[PDB]
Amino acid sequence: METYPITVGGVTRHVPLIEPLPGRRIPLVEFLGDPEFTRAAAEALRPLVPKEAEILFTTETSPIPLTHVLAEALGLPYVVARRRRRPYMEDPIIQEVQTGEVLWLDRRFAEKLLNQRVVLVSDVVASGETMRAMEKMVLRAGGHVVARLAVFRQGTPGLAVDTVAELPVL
């Protein structure tokens, strides 16, 4: 069982590898279930958050604990876009991720982005398409992105995003 060592803010994790494309493997980054690794990552991103930031924006599911911890550390709230419509979801902003994934933001969350300086947060950024979709949702709700952050950078994103580590493709 092959593992690859990834490190963030002093905390190291030997993680399995996944092959999203033939012969192109990447370490599996998972913050879910891991408070210590999540804390290290949230603390590494914290200094990258603009002092003007008013709310965080992330997508389910793995990024949730990371964003929650960062938000509480910053004393800010945050919102979560879902990857599918959920029962009782209210008049959601639906945004297609340019291929396909579709993001859903409950109206209750959207109302919280109005006139707010938003910071997009993800665990990993690759092409940047997910964040482009997230930003459009921000604009549609009446606010705007003052910063885009992700813990890991995979390859070279087609969008400007601040990251703290590189995720190697093996």
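Note that residue numbering begins at 1 and tracks the sequence as displayed.
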Item checked: Interresidue gap class [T99, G100; deposited sequence, unmodelled] -> 4 to 9
Note to self: Which is higher on mean Cα B factor in this entry, 89 to 97 or 76 to 84?
What the structure shows: 89 to 97
Margin query: Please compare 156 to 164 with 143 to 151 and name the stretch with the higher mean C-alpha B-factor in the deposited structure.
Written below: 156 to 164
Check: Out of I64, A44, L70, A53, which shows the largest CA B-factor listed in the entry?
Finding: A53
Item checked: Peak C-alpha temperature factor (PDB record), options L48, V124, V118, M137 -> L48
